[PDB]
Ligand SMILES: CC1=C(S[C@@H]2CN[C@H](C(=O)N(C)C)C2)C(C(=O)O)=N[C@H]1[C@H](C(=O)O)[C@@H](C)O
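What follows is a single chain, given as structure tokens, in the form deposited without this ligand.
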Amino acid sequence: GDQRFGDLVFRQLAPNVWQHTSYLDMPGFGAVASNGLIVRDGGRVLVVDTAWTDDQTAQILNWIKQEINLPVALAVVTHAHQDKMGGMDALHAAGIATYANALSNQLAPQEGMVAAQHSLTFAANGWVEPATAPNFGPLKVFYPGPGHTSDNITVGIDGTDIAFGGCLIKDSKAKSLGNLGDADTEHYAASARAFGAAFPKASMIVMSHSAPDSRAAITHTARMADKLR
């Protein structure tokens, strides 16, 4: 069941995996939810995405202290928008090692974000170059191609049936692809399909702006993106 913790919501998805949710009252649209992940790997915790703000991200760390009570070894953030990187300063204040796509770190300042400490780079096939993602444990990082943004990355969780599409993927009942302001409309569909192909055994797809869904999230997202081309 959902756990309200201050202004955030936490939901256990699997034995060692929780979803964090935070909200930003954005004038013109409404109060927009964004989801990320928290993963326990043995005696440490790994975070995927910040909350929208530093204050909210500090609350994620407070929840982790209360409910898990193990050190956060690292965080990976999945592109240079506020929902994913808005809380970088809070992570740094906590002494957490941070990672993002090299391109996300490059784009961060102009997007109003603080860059992560470390840059991930990717092979031609999309898989992270392993030397750039040291000690990632069960986190398997994949660049699916440009879509929601040029820099969007995705994360599978080994030992689970979960893959995280971030803002690239919307659920199977979504009416649109959300914020396309920085999108690559020509490549979106192929990138969504590449995410699915990278994590073919994932049965639970987690994403930024929908609740967890089946792989129908991937097929529906790609089919909607076929219209963008």
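Definition used throughout: the rigid core is the maximal C-alpha set that superposes within 1.5 Å between two forms. One rule holds for the numbers: they count along the sequence shown, beginning at 1. Shifts are known only where both forms have a C-alpha.
Another form exists, solved in complex with this ligand; not displayed. Remarks below refer to it.
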{"property": "Candidate stretches 38 to 46, 191 to 199, 174 to 182, 156 to 164, one within 4.5 Å of this ligand in the bound PDB entry by heavy atom", "result": "174 to 182"}
{"property": "4.5 Å heavy atom contact, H209 and this ligand in the bound PDB entry", "result": "yes"}
{"property": "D83, heavy atom within 4.5 angstroms of this ligand in the bound PDB entry", "result": "yes"}
{"property": "Partner proximity in the bound PDB entry: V32 to this ligand, non-hydrogen atom cutoff 4.5 Å", "result": "yes"}
{"property": "Regions shifting between this form and the one not shown, defined as 3+ consecutive residues whose CA atoms all move 2 Å or more relative to the core", "result": "28 to 30"}
